[PDB]
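J.: have a look at this fold, sequence not included:
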């Protein structure tokens, strides 16, 4: 999806 | 569950200083030509507090 960086997981941020 | 940060890369990173997911790593897009930074704004104080502080409480 995002061209470039990635996300570990759903990433819980409150 | 112990480390205060997670790498959100595709093949490699560079920076590592955050929370559970609030860390801003780098990503040498395994299938790319450039390396971008990961989002270290994911304030997973719960993941982190429960990651490092959760186990060694």
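T.: Received it, and whenever you're ready, just let me know what you need. Numbers count the residues shown, from 1 in each chain, chains lettered A, B, ... in the order given.

J.: hang on, residue B:3 packs against residue B:50?
T.: No. Between residue B:3 and residue B:50 there is no contact under C-beta atoms under 8 Å: 11.8 Å. For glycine as for every other residue, the C-beta is placed from the backbone atoms N, C-alpha and C.

J.: so which helix or strand takes in residue B:46?
T.: Taking DSSP states H and E as the definition, one finds residue B:46 inside helix B:45-49.

J.: run a quick neighbour tally on residue B:57.
T.: As a burial measure, residue B:57 scores 7 neighbours (other C-beta atoms under 10 Å in any protein chain shown).

J.: ditto for residue B:49
T.: When neighbours are counted by other C-beta under 10 Å, residue B:49 registers 14.

J.: ok, back up a step: pull the residues that contact the next helix or strand after the helix holding residue B:46.
T.: Using DSSP H and E, the helix or strand that follows helix B:45-49 in sequence is helix B:52-55. By C-beta atoms under 8 Å, 6 or more residues apart in numbering or on different chains, the surrounding residues in contact with helix B:52-55 are B:1-4.

J.: can you pull the contacts of residue B:40?
T.: Counting by C-beta under 8 Å, 6+ apart, residue B:40 touches B:15, B:17-18, B:22-25.

J.: give the ChimeraX command for selecting the buried subset of these.
T.: Command for ChimeraX that selects the buried part of the contacts of residue B:40, burial taken from 16 or more other C-beta atoms under 10 Å in any protein chain shown:
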select /B:18,22,23,24,25
